[PDB]
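A quick write-up on the structure given underneath.
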Amino acid sequence: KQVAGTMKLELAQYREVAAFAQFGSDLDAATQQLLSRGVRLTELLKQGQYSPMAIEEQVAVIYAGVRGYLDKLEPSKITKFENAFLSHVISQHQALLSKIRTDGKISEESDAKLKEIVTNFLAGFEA
Amino acid sequence: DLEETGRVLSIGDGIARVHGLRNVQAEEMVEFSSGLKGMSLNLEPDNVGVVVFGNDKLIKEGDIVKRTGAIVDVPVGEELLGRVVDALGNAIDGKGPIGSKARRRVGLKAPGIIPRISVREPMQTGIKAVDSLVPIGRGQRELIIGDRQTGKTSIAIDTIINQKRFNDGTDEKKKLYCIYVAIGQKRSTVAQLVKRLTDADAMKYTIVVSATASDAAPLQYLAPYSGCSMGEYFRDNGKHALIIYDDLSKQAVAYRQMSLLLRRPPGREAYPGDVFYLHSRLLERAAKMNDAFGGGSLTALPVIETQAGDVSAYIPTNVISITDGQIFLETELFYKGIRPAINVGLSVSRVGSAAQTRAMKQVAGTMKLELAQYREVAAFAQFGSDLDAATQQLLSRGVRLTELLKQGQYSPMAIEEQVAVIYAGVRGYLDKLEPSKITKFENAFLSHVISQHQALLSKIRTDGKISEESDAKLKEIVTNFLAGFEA
Amino acid sequence: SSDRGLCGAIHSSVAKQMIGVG
Amino acid sequence: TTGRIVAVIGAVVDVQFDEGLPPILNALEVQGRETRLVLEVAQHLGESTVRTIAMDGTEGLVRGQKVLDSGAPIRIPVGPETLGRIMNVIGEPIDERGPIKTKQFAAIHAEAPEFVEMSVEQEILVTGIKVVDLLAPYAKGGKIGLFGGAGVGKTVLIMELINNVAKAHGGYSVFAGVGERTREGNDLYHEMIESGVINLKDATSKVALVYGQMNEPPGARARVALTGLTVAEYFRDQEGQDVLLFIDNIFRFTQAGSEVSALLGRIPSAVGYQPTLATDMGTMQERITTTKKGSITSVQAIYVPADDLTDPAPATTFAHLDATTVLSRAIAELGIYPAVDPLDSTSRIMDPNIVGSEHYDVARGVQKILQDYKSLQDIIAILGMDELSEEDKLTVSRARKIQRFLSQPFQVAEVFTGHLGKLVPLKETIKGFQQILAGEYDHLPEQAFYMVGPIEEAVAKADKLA
Amino acid sequence: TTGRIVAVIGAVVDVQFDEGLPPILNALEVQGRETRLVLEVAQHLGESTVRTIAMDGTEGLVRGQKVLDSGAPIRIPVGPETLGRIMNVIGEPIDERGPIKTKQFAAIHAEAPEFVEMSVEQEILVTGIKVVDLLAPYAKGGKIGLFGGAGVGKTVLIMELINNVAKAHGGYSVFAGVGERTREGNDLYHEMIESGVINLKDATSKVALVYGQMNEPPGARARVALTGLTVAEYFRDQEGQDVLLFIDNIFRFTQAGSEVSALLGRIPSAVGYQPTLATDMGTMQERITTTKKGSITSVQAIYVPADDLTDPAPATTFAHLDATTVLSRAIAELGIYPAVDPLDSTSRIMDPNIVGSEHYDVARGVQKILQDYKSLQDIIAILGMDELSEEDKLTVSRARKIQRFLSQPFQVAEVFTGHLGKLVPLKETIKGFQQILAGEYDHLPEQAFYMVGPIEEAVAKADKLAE
Amino acid sequence: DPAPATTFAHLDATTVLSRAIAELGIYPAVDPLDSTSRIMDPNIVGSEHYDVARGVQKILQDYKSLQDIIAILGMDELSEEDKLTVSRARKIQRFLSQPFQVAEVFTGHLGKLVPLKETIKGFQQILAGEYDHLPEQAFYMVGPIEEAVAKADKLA
Ligand SMILES: Nc1ncnc2c1ncn2[C@@H]1O[C@H](COP(=O)(O)OP(=O)(O)NP(=O)(O)O)[C@@H](O)[C@H]1O
Ligand SMILES: Nc1ncnc2c1ncn2[C@@H]1O[C@H](COP(=O)(O)OP(=O)(O)O)[C@@H](O)[C@H]1O
Ligand SMILES: [Mg+2]
Ligand SMILES: [Mg+2]
């Protein structure tokens with residue numbers, strides 16, 4: 001809920017605005033951000049078959065998107081990112097995933113830990 | 001006695017199958033032992049299919065049904081004026097018995113081809129859009145049609161309210177008795193209706209016939225005919241009557257219920273093969289009588305509800321083709337602020353000029369033309385900055401006449417007030433006035449001419465048109481007024 | 001070229017060839 | 001013999017006979033009524049019972065009420081005495097001018113002329129109306145689709161066709177109002193009286209009137225067309241005429257058929273029409289034709305439901321039409337009368353194998369030039385007129401002259417206008433338009449060709465103007 | 001007198017009586033069942049056989065099983081003792097709290113109040129919902145309809161109305177669950193225990209509940225609206241009181257009847273419906289009304305089959321209402337909630353002489369700009385935004401903002417929006433929209449107006465979106 | 001229609017032919033977005049085959065979404081990115097067509113049989129932009145991709 005709570009209505013507004021802006025005409029900072037965010041979350045929601053994801057791994061992936069940490073990553077790279085990111089947190093951060101899974105929430109501590117992981121990982125990834 | 005009486009074999013869904021009654025006539029009113037009436041619509045070899053005028057709970061298998069020597073007729077006359085009655089002419093306003101001295105059958109043949117003369121006398125609605133562009137004559141049948149909640153009843157109410165200016169007068173020729181038939185509506189809607197007419201002081205010359213949503217199917221089916229015969233009393237006695245059928249869509253539904261349950265064959269939309277006939281025989285009873293027959297008239301305004309604009313659906317198709325013309329209302333005009341929501345491009349009166357006075361006739365022709373010229377170029381507007389002045393003008397004149405056709409509810413206008421307003425537009429006095437300011441202008445301008453130029457309005461009426469002298473007057477009233485307006 | 005579009009390959013044609021006017 | 005009513009269900013009445021049964025299509029007279037109530041046998045149900053369709057209201061009928069078999073179908077008064085008279089479906093006068101005193105009677109159901117009785121040749125029935133005869137000509141014994149409605153000079157066009165056919169072909173007319181609106185039937189009646197094609201005083205009447213009004217039962221409205229056609233068949237068969245039959249309007253004939261069919265419990269076909277849609281239309285239309293003895297040519301006003309030309313009703317009808325006259329509100333607004341659309345109106349016999357190579361090529365040349373004139377009208381509003389080539393300036397001139405030469409004053413409209421009416425022969429029509437194309441009247445002013453008969457009057461009008 | 005079952009086909013049961021024949025509408029009692037099975041007399045078939053619809057499942061029934069005439073239609077408990085309680089179609093408690101100890105009972109069939117019993121009084125009922133209050137406001141004692149296809153927001157909207165209006169209502173409320181979800185009944189029940197409008201411990205309960213959900217056979221869904229209605233009718237007359245009546249969903253009454261129509265031997269009318277659709281609805285709807293004796297404010301959720309508003313069922317319902325809220329899937333698809341079509345929602349009290357010319361003029365102004373924007377939509381969508389007049393693109397930006405300012409976070413919708421719910425008073429709604437129309441917020445971005453309460457929150461959000 | 005509609009669930013692979021595709025001259029007139037196979041799965045056909053297929057299908061679907069705009073306004077109102085999808089998609093549509101031995105009378109070409117590996121490669125290459133320089137017509141009614149190239153050369 002913490003990560004996805006407003007996302008449905010947000011994605012509905014993004015799709016409407018993506019259509020209305022379909023003719024590339026000078027857009028304000030607000031809608032251009034919604035567009036950037038929207039196209040990126042769309043990529044995160046893509047998924048293969050036969051590998052359903054544990055909740056905590058879904059949360060961490062969505063977290064990256066909804067907090068804006070991927071807003072500058074090129075949309076076509078988002079999937080390569082997610083798998084790279086995910087395999088990193090699975091091996092290296094079983095402690096963080098464990099806590100999110102066990103507590104069923106993102107504590108202020110887990111939030112801080114997550115931001116540190118994604119931002120620095122994404123930078124390494126984007127080199 | 002299985003000739004004058006019978007017993008109920010089966011009863012359900014408002015249909016009693018009755019054994020016996022060997023002497024009943026087709027469409028005869030029989031009576032059940034509980035006191036409920038019925039109509040003998042199906043006469044079959046081994047049963048009479050009777051249509052029930054009330055709740056079924058009161059009829060059981062083996063109940064005695066009697067022919068009564070009854071006859072399907074309604075109270076008729078001027079004592080119905082100011083009264084609310086049901087399908088059969090019974091009082092429902094709770095003000096005691098109707099003082100009726102005469103009666104008339106509900107099912108009667110319309111005047112033939114010979115007792116008539118052309119429609120000539122104006123039937124004045126007081127609605128600028130209608131009287132100018134879709135003009136109605138005495139004896140005409142003009143259809144009011146549109147989707148739900150587009151303003152259909154309003155056209156009719158304002159027409160009824162309008163007649164006061166003539167009925168309070170002393171010219172008998174110009175007077176108009178009103179009949180409003182409510183079919184299938186809810187009681188509280190009808191109540192608000194009569195409240196409006198009462199406050200408008202319109203009830204004193206109006207008969208309200210009401211067969212509401214909980215009344216049995218056959219009463220809703222009869223109601224228009226009942227109301228019709230009450231209007232024929234006027235028509236046949238050198239007098240003029242207006243009747244509104246609100247609505248015929250619901251009446252058809254009610255009759256369909258009956259035909260289906262009598263197991264008559266279903267056709268398109270499950271309607272039976274006699275539904276065109278049902279409506280055609282109702283609407284032909286509106287007529288303009290010749291002088292040999294008193295010169296009276298019955299004018300009918302049937303209402304039809306369309307679904308999602310489908311004028312080609314079955315019942316709309318029937319009533320459209322039966323009538324002498326249609327006033328089409330549209331939802332999108334309505335919310336654009338075009339109210340009354342009349343589509344002027346599509347609406348038509350086939351009587352036409354024959355039902356206009358010379359004053360209106362004059363200014364209305366120019367408006368019709370300039371609106372038609374407007375309609376062709378109408379799309380060049382919002383997507384036009386680099387237009388030639390010729391088409392810039394047609395657009396400007398067009399948007400402005402469109403504003404003059406807008407009208408408030410419950411305030412119908414006298415024909416001379418209408419021509420004065422249209423004059424301002426068709427003569428180009430409002431061409432430089434901003435579109436948004438036109439409605440304010442008209443109200444104010446009209447308040448002025450009514451207050452200070454009663455004689456000018458008196459003249460346009462007396463002269464029958466706008467003379468050179470009246471023209472001069474108006475020119476100076478409008479110009480100076482407009483100058484003052486934009487000060 | 002100009003500000004106004006909807007005129008075929010006017011604007012695109014010069015851009016393929018390519019401070020600007022329009 | 002005499003039968004008894006056993007069932008009444010609206011406009012369907014079942015009659016049981018003790019001896020011989022009336023065959024299908026027989027007329028039956030109900031006894032014990034104020035006015036005549038005819039029932040037409042539709043089916044034999046078995047058990048000595050017939051199912052009928054009522055020609056008027058069935059209100060008041062009792063099971064047991066006596067019914068007399070007439071022995072034949074509906075038989076109506078036919079002959080010169082019906083002219084100027086108005087009758088209904090069952091032959092009764094409804095003009096209040098008393099009985100229709102004819103020596104002959106005729107059954108309204110009859111079979112189409114046999115294959116041997118058919119004319120193998122196609123002939124024009126010259127109307128003397130320039131647009132019609134030149135561009136979309138009428139065929140002797142054919143059917144014409146009249147598209148129009150109100151305000152386009154439709155009643156005037158009809159009244160003039162009645163007049164012109166009497167004057168040029170010695171043929172009488174019949175008008176059949178299928179679903180006639182009572183108001184409009186009265187108005188039509190008096191417009192004919194006022195125009196002369198009906199005469200109450202003498203016996204010059206050129207039309208007989210047959211009304212099947214809107215408020216009549218389905219059966220009545222379904223049969224009037226036959227009644228009208230039967231009147232007309234007299235004038236073809238007995239008096240050898242090229243007759244005119246108006247049907248106003250054909251769609252309402254179809255719809256009455258649809259209603260009757262629905263009332264008889266027959267399962268509806270596509271779009272809810274009667275399963276017999278095509279045969280209902282076939283058994284009536286095939287009666288309209290050229291026989292060895294004469295011809296009936298029918299003008300049929302067409303309503304196109306939902307503006308769908310693929311709708312079963314117009315689709316079926318089109319199978320029978322040999323030409324269309326399209327009356328245009330746009331054309332009337334330009335002051336062109338008759339308001340015939342010269343490009344929208346078509347004819348099957350516009351064929352050099354039928355009308356000749358000279359009639360053909362002039363019509364095509366007229367069509368071509370009016371087609372070309374329109375192409376330049378976008379360039380007219382943009383470049384103006386003085387930017388055209390010397391060829392294109394000349395086409396605009398000629399086309400504008402052709403448009404006006406297609407207008408014609410009508411004799412039937414003399415009272416309204418004062419202008420003398422014209423009936424232009426086919427050869428003068430062809431000649432006239434032939435010469436405008438050639439450029440023999442380029443020097444003439446454009447308004448000289450307007451509201452004119454033959455091309456000689458275009459010259460006499462041009463000389464008269466200062 | 002005793003009758004015998006002769007035929008069972010689904011919900012329809014034929015019963016033969018040798019002695020006295022029970023009149024149509026009578027309630028019959030099937031002998032030898034664990035739970036009370038009522039059959040309601042529908043038709044007299046002839047030959048001392050009646051046709052009935054069952055009020056519960058007919059499984060287990062045997063030809064020849066005994067049936068007793070009760071002597072009357074279905075009679076249910078009415079009165080104060082129904083408050084806090086849950087009944088079914090036949091007035092049995094379904095809350096496992098024992099007998100409903102009323103003094104009197106009432107037949108669920110009754111005549112509609114006569115024309116002379118009608119009231120014409122109409123004053124505005126404010127909801128706190130922007131789009132409703134502004135464009136198509138409810139009246140006290142009026143008939144309100146919430147139209148919508150599947151999953152567009154009828155129930156959420158009706159729960160928000162119960163939240164905003166019923167919670168603080170002085171008189172009594174009736175909620176009738178008609179052919180809807182049992183889950184939603186359990187939801188609503190426990191939310192009302194929580195909020196105190198139902199009290200299980202004292203006598204302060206202000207709401208009576210009547211339930212016949214989509215787990216019930218059609219006979220039960222066909223009558224359960226009548227049952228709720230009858231409860232309300234009592235509180236209206238025999239107490240003269242201000243009653244709120246909520247029905248979710250009144251279509252299910254009509255659908256139920258269509259389910260049994262063919263087994264009752266009817267030729268189908270158009271779109272598969274009973275020929276009696278409109279009269280059936282008539283004798284039912286005409287009871288749901290304010291009279292001179294008392295006031296019912298009725299709110300009725302109205303399902304729209306296949307999203308089609310021309311469907312006979314919703315189409316025939318429109319004429320029965322004084323205010324209509326029409327919900328649209330196209331709008332909901334946009335994330336605009338409540339998904340009210342502002343160009344298809346109407347009210348009888350939308351009248352300058354009733355709401356004042358200020359309320360009226362802004363409402364008509366809002367609709368005009370939305371209609372104008374709609375009439376440009378499909379056009380500029382392919383022909384370019386830059387090809388527009390400088391006052392056209394000003395209406396396009398203003399309409400897009402008004403579209404958004406019509407949306408609102410509902411208290412009831414917190415689990416769907418992630419936003420705290422907002423209630424906006426009338427004057428604030430008028431003012432806000434009035435301001436956007438006058439150009440006052442052309443500097444503010446679109447999204448600032450999306451999913452907020454009052455106009456100050458559109459301003460606050462605009463600051464938060466900057467950084 | 002109930003008859004075909006009901007048959008779908010009985011099939012492990014559907015080839016849906018389209019009259020609109022046929023009328024464009026594309027034979028076999030296969031609707032490449034309405035024909036499916038239960039073995040179109042990376043674990044069965046391999047990821048390369050699977051990827052090229054999904055790629056072809058995506059470019060064809062993207063083309064399809066642009067066609068309302070194209071029909072009214074035309075090619076010229078498209079971004080450069082869109083023009084590229086359109087041109088590649090249209091070359092892919094043509095390379096899906098094939099001359100059948102059985103239909104030689106109608107095609108006027110010799111019937112062809114393309115081995116799977118070469119089918120994958122031809123489309124793999126069109127997607128990679130490798131023949132954005134070649135004309136459309138070159139891809140029509142040929143076998144392997146080499147034939148498309150040689151046909152382009154022959155168009156001088
Ligand atoms: N000229 C007008 N100006 C402003 N409002 C109007 C006008 N005419 C009608 N209305 C209003 O528009 C609404 C619909 O009017 P009404 O006469 O009820 O139409 P209708 O089609 O008869 N409705 P219904 O029968 O309920 O589907 C009402 O609220 C009227 O008060
Ligand atoms: N006012 C609202 N705000 C946010 N989301 C809503 C709102 N109304 C409906 N929804 C979404 O749509 C779903 C369907 O609404 P509901 O009222 O159950 O539909 P119905 O019209 O079928 O009763 C809700 O469960 C919710 O997810
Ligand atoms: Mg109304
Ligand atoms: Mg719901």
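So you can find residues: chains in the structure tokens are A, B, ... in the order shown, residues in each start at 1, and ligands are numbered from 1 in order.
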Residues within 7 Å of region 6-9 of chain D, please, as a VMD selection string. Count only C-alpha atoms; anything in the same chain fewer than 4 positions from it doesn't count. (chain B and resid 26 41 to 45) or (chain D and resid 13 to 16 63 to 64)
Restricting the output to N, CA, C and O atoms, write the selected residues as a PDB file, in the first residue's frame.
```pdb
ATOM      1  N   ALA B  26     -66.943  -6.648 -29.607  1.00  0.00           N
ATOM      2  CA  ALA B  26     -65.523  -6.314 -29.602  1.00  0.00           C
ATOM      3  C   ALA B  26     -65.310  -4.934 -28.974  1.00  0.00           C
ATOM      4  O   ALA B  26     -65.947  -3.961 -29.389  1.00  0.00           O
ATOM      5  N   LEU B  41     -61.046  -7.159 -25.549  1.00  0.00           N
ATOM      6  CA  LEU B  41     -60.195  -6.924 -26.712  1.00  0.00           C
ATOM      7  C   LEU B  41     -60.065  -8.130 -27.638  1.00  0.00           C
ATOM      8  O   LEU B  41     -60.018  -7.965 -28.849  1.00  0.00           O
ATOM      9  N   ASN B  42     -59.993  -9.331 -27.064  1.00  0.00           N
ATOM     10  CA  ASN B  42     -59.995 -10.564 -27.844  1.00  0.00           C
ATOM     11  C   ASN B  42     -61.314 -11.321 -27.671  1.00  0.00           C
ATOM     12  O   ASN B  42     -61.677 -11.705 -26.557  1.00  0.00           O
ATOM     13  N   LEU B  43     -62.036 -11.517 -28.769  1.00  0.00           N
ATOM     14  CA  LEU B  43     -63.170 -12.433 -28.766  1.00  0.00           C
ATOM     15  C   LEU B  43     -62.741 -13.680 -29.514  1.00  0.00           C
ATOM     16  O   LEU B  43     -62.521 -13.651 -30.727  1.00  0.00           O
ATOM     17  N   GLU B  44     -62.592 -14.766 -28.772  1.00  0.00           N
ATOM     18  CA  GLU B  44     -62.118 -16.010 -29.343  1.00  0.00           C
ATOM     19  C   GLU B  44     -63.251 -17.031 -29.291  1.00  0.00           C
ATOM     20  O   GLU B  44     -64.228 -16.821 -28.567  1.00  0.00           O
ATOM     21  N   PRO B  45     -63.140 -18.122 -30.074  1.00  0.00           N
ATOM     22  CA  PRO B  45     -64.199 -19.131 -30.088  1.00  0.00           C
ATOM     23  C   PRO B  45     -64.646 -19.584 -28.697  1.00  0.00           C
ATOM     24  O   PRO B  45     -65.840 -19.650 -28.442  1.00  0.00           O
TER      25      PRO B  45
ATOM     26  N   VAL D  13     -60.416 -10.964 -38.307  1.00  0.00           N
ATOM     27  CA  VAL D  13     -61.728 -11.523 -37.992  1.00  0.00           C
ATOM     28  C   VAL D  13     -61.829 -12.918 -38.586  1.00  0.00           C
ATOM     29  O   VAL D  13     -61.514 -13.127 -39.764  1.00  0.00           O
ATOM     30  N   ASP D  14     -62.260 -13.873 -37.767  1.00  0.00           N
ATOM     31  CA  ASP D  14     -62.466 -15.234 -38.250  1.00  0.00           C
ATOM     32  C   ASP D  14     -63.944 -15.541 -38.504  1.00  0.00           C
ATOM     33  O   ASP D  14     -64.790 -15.354 -37.626  1.00  0.00           O
ATOM     34  N   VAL D  15     -64.245 -15.995 -39.721  1.00  0.00           N
ATOM     35  CA  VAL D  15     -65.620 -16.313 -40.118  1.00  0.00           C
ATOM     36  C   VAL D  15     -65.753 -17.794 -40.491  1.00  0.00           C
ATOM     37  O   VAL D  15     -64.947 -18.324 -41.256  1.00  0.00           O
ATOM     38  N   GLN D  16     -66.775 -18.438 -39.927  1.00  0.00           N
ATOM     39  CA  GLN D  16     -67.092 -19.839 -40.191  1.00  0.00           C
ATOM     40  C   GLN D  16     -68.312 -19.942 -41.116  1.00  0.00           C
ATOM     41  O   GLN D  16     -69.359 -19.340 -40.855  1.00  0.00           O
ATOM     42  N   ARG D  63     -69.445 -12.248 -31.788  1.00  0.00           N
ATOM     43  CA  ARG D  63     -69.318 -13.626 -32.259  1.00  0.00           C
ATOM     44  C   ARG D  63     -70.716 -14.133 -32.613  1.00  0.00           C
ATOM     45  O   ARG D  63     -71.616 -14.140 -31.767  1.00  0.00           O
ATOM     46  N   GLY D  64     -70.902 -14.520 -33.870  1.00  0.00           N
ATOM     47  CA  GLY D  64     -72.210 -14.947 -34.364  1.00  0.00           C
ATOM     48  C   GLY D  64     -72.768 -14.016 -35.427  1.00  0.00           C
ATOM     49  O   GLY D  64     -73.594 -14.432 -36.236  1.00  0.00           O
TER      50      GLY D  64
END
```
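If one restricts the calculation to only C-alpha atoms and all ligand atoms, the set of residues situated within 8 Å of ligand 4 consists of residues 150, 151, 153, 154, 155, 156, 180, 181, 248, 249, 301 and 303 of chain E.
Interatomic distance, CA of residue 42 (chain D) against CA of residue 28 (chain D): 11.2 Å.
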Show me which bits of chain E are within 12 Å of chain F, counting only C-alpha atoms, as number ranges by chain. E: 381-384
Per-residue nearest contacts of chain B to ligand 3 (10 Å; only C-alpha atoms and all ligand atoms) as a Markdown table:
```
| residue | atom | partner | partner_atom_place_in_ligand_line | distance |
| --- | --- | --- | --- | --- |
| B:146 | CA | ligand 3 | 1 (Mg) | 9.9 |
| B:147 | CA | ligand 3 | 1 (Mg) | 9.8 |
| B:148 | CA | ligand 3 | 1 (Mg) | 7.4 |
| B:149 | CA | ligand 3 | 1 (Mg) | 6.6 |
| B:150 | CA | ligand 3 | 1 (Mg) | 8.2 |
| B:151 | CA | ligand 3 | 1 (Mg) | 6.8 |
| B:152 | CA | ligand 3 | 1 (Mg) | 5.3 |
| B:153 | CA | ligand 3 | 1 (Mg) | 4.2 |
| B:154 | CA | ligand 3 | 1 (Mg) | 7.3 |
| B:155 | CA | ligand 3 | 1 (Mg) | 9.4 |
| B:156 | CA | ligand 3 | 1 (Mg) | 9.1 |
| B:157 | CA | ligand 3 | 1 (Mg) | 9.9 |
| B:182 | CA | ligand 3 | 1 (Mg) | 9.2 |
| B:185 | CA | ligand 3 | 1 (Mg) | 8.4 |
| B:189 | CA | ligand 3 | 1 (Mg) | 9.0 |
| B:190 | CA | ligand 3 | 1 (Mg) | 10.0 |
| B:193 | CA | ligand 3 | 1 (Mg) | 10.0 |
| B:246 | CA | ligand 3 | 1 (Mg) | 6.8 |
| B:247 | CA | ligand 3 | 1 (Mg) | 7.7 |
| B:303 | CA | ligand 3 | 1 (Mg) | 8.2 |
| B:304 | CA | ligand 3 | 1 (Mg) | 9.3 |
| B:305 | CA | ligand 3 | 1 (Mg) | 8.6 |
```
When the cut-off is 10 Å and you count only C-alpha atoms and all ligand atoms, which residues lie near ligand 2, shown as number ranges by chain? A: 8-9; E: 146-160, 180-181, 184, 248-249, 301-304, 327-329, 332-333, 335-340, 407-419, 421, 451
Export of the given selection (C-alpha atoms) as a PDB file, in the first residue's frame:
```pdb
ATOM      1  CA  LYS A   8      -3.880   3.282 -10.035  1.00  0.00           C
ATOM      2  CA  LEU A   9      -5.549   6.709 -10.317  1.00  0.00           C
TER       3      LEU A   9
ATOM      4  CA  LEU E 146     -27.658   6.874  -9.323  1.00  0.00           C
ATOM      5  CA  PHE E 147     -27.282   5.325 -12.796  1.00  0.00           C
ATOM      6  CA  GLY E 148     -24.230   3.334 -13.773  1.00  0.00           C
ATOM      7  CA  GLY E 149     -22.886   0.308 -15.593  1.00  0.00           C
ATOM      8  CA  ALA E 150     -20.938  -2.368 -13.770  1.00  0.00           C
ATOM      9  CA  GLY E 151     -18.172  -1.150 -11.482  1.00  0.00           C
ATOM     10  CA  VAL E 152     -18.429   2.581 -12.181  1.00  0.00           C
ATOM     11  CA  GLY E 153     -19.238   3.743  -8.630  1.00  0.00           C
ATOM     12  CA  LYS E 154     -22.937   3.446  -7.685  1.00  0.00           C
ATOM     13  CA  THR E 155     -22.361   1.736  -4.360  1.00  0.00           C
ATOM     14  CA  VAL E 156     -19.316   3.816  -3.322  1.00  0.00           C
ATOM     15  CA  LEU E 157     -21.378   6.934  -4.159  1.00  0.00           C
ATOM     16  CA  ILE E 158     -24.365   5.586  -2.179  1.00  0.00           C
ATOM     17  CA  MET E 159     -22.081   4.737   0.796  1.00  0.00           C
ATOM     18  CA  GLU E 160     -20.690   8.275   0.656  1.00  0.00           C
ATOM     19  CA  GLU E 180     -26.552  -7.153  -4.671  1.00  0.00           C
ATOM     20  CA  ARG E 181     -23.439  -8.519  -2.918  1.00  0.00           C
ATOM     21  CA  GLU E 184     -21.385  -5.458   0.797  1.00  0.00           C
ATOM     22  CA  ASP E 248     -28.917  -0.911  -3.976  1.00  0.00           C
ATOM     23  CA  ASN E 249     -29.832  -2.017  -6.541  1.00  0.00           C
ATOM     24  CA  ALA E 301     -28.725   2.766  -7.288  1.00  0.00           C
ATOM     25  CA  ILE E 302     -29.715   1.778 -10.810  1.00  0.00           C
ATOM     26  CA  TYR E 303     -27.681  -0.728 -12.765  1.00  0.00           C
ATOM     27  CA  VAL E 304     -27.253  -0.062 -16.489  1.00  0.00           C
ATOM     28  CA  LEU E 327     -22.040   7.553 -13.804  1.00  0.00           C
ATOM     29  CA  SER E 328     -19.814   6.823 -16.826  1.00  0.00           C
ATOM     30  CA  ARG E 329     -17.126   4.181 -17.464  1.00  0.00           C
ATOM     31  CA  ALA E 332     -13.960   6.472 -14.494  1.00  0.00           C
ATOM     32  CA  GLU E 333     -11.417   5.094 -16.992  1.00  0.00           C
ATOM     33  CA  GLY E 335      -9.371   8.240 -12.874  1.00  0.00           C
ATOM     34  CA  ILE E 336     -12.089  10.838 -12.385  1.00  0.00           C
ATOM     35  CA  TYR E 337     -14.158   9.756  -9.382  1.00  0.00           C
ATOM     36  CA  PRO E 338     -17.054  10.078  -8.687  1.00  0.00           C
ATOM     37  CA  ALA E 339     -17.462   9.223 -12.365  1.00  0.00           C
ATOM     38  CA  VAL E 340     -20.397  11.618 -12.838  1.00  0.00           C
ATOM     39  CA  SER E 407     -13.307  14.805  -8.985  1.00  0.00           C
ATOM     40  CA  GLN E 408     -13.113  14.329  -5.218  1.00  0.00           C
ATOM     41  CA  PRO E 409     -11.590  11.977  -2.626  1.00  0.00           C
ATOM     42  CA  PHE E 410     -14.449  10.165  -0.849  1.00  0.00           C
ATOM     43  CA  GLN E 411     -14.247   9.158   2.841  1.00  0.00           C
ATOM     44  CA  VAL E 412     -15.730   5.813   1.823  1.00  0.00           C
ATOM     45  CA  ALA E 413     -13.131   5.504  -0.970  1.00  0.00           C
ATOM     46  CA  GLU E 414      -9.930   5.832   1.095  1.00  0.00           C
ATOM     47  CA  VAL E 415      -8.983   2.187   0.343  1.00  0.00           C
ATOM     48  CA  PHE E 416      -9.199   2.974  -3.396  1.00  0.00           C
ATOM     49  CA  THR E 417      -7.714   6.469  -3.612  1.00  0.00           C
ATOM     50  CA  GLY E 418      -4.958   6.489  -0.965  1.00  0.00           C
ATOM     51  CA  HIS E 419      -6.240  10.024  -0.261  1.00  0.00           C
ATOM     52  CA  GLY E 421     -11.690  11.895   2.121  1.00  0.00           C
ATOM     53  CA  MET E 451      -8.474  14.650  -6.639  1.00  0.00           C
TER      54      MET E 451
END
```
